[PDB]
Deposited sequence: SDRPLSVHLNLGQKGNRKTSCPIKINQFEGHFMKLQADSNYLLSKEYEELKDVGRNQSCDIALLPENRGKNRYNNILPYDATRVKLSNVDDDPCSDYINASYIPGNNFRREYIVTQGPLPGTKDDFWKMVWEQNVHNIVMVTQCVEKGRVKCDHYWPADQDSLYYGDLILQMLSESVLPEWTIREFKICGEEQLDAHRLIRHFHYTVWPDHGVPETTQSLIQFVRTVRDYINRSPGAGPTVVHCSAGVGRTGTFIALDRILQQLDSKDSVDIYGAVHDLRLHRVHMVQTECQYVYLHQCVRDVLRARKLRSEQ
């Protein structure tokens, strides 16, 4: 039932218990989350006009929580997701297709988005996962009625940070994490922890912003794991308990498959374990 809050001083032992007997109890917990939100329809996403707008025909937003474009011309594959501190803290979306990248940027403009987090590569092992939907160098480009120009790019080993100016009628930061395999996990907990803390620092510096956009290719697994870690890290900094189950449960109420593999659910626990070890020390 919805929430499994663990005292910080009990977390190390809780996670051992979950891991005992080849993850027996961790598997049981993750399976329970499988049913959350499952009563909800995705009729709009299924409309024939919309077929070409979904990257995966079986990963679609719930009607109840989908993001609507101004006006079916209102459709984009994206969902609002609550966070630690407000109900539309994030918009999660699929990786834009060549034919929906104009819709993606229209959404970014309309929802006052200032920060976009991308956790897939464009092509992974030669499988296309996401269109390269921003400009390639400093040359400007139109996307629908908007013009976008890259102002800066900072390449680091595990992520790249870009800043764009957008003209419509704003500066947008793009955080591109380039070392997270689809259906898998990063090589270390430290890498994603550092990435999340970095993005949260920028979000905290973004007065006035609408939701933060987070996406991978389908916008469920890496996306959901990123959001869950962002929420649980804030819990750790402010609170005496941590509730990984409850975070993933709240995500699942809002979009299908959030935290898409059991290894990703394990990884959330390993990140929390690693942070608490460093702290209570």
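Within the chain's deposited sequence, the coordinate-free stretches run 1 to 17, 89 to 93, 192 to 197, 310 to 313 in sequence order.
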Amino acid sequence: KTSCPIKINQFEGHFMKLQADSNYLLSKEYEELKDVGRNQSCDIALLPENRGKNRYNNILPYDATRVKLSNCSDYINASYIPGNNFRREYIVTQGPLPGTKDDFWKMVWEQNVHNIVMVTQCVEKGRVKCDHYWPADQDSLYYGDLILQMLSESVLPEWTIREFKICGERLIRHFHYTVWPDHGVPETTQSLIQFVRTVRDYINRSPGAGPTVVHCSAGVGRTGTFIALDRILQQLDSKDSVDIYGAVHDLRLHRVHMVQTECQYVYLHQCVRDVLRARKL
From here on, numbers count along this sequence of modelled residues.
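Just so we're on the same page, rigid core means the largest C-alpha set that superposes within 1.5 Å between forms.
Where the structures in 7 other deposited structures of this protein are fitted on the rigid core, 31 to 39 is the one of 31 to 39 and 244 to 252 whose C-alphas sit farther from the shown form on average.
The stretch that strays farther, by root mean square C-alpha distance over structures and residues in 7 other deposited structures of this protein after a rigid core fit, is 174 to 182, when 174 to 182 is set against 84 to 92. Among the other PDB entries of this protein that were compared and that flank it with modelled residues, residue 72 is left unmodelled in a third or more.
Note on 97 to 105 vs 132 to 140: mean CA B-factor is higher in 132 to 140.
Of the two stretches examined, 261 to 269 and 19 to 27, the record assigns the greater average C-alpha temperature factor to 19 to 27.
When the C-alpha B-factors of 77, 160, 120, 188 are read from the PDB record, the largest value belongs to 188. Per the deposited record, 72 carries the highest C-alpha B-factor of all listed residues (72, 209, 116, 146). When the modelled residues of the chain are ordered by their C-alpha B factor, residue 194 lands in the middle third. When the modelled residues of the chain are ordered by their C-alpha B factor, residue 127 lands in the highest third. In this PDB entry, the Cα temperature factor of residue 92 sits in the bottom third of its chain's modelled residues, the lowest group. In the PDB entry, a CA B factor belonging to the highest third of its chain's modelled residues is recorded for residue 85. Placement of the Cα temperature factor of residue 40 within the chain: middle third of the modelled residues, per the deposited record.
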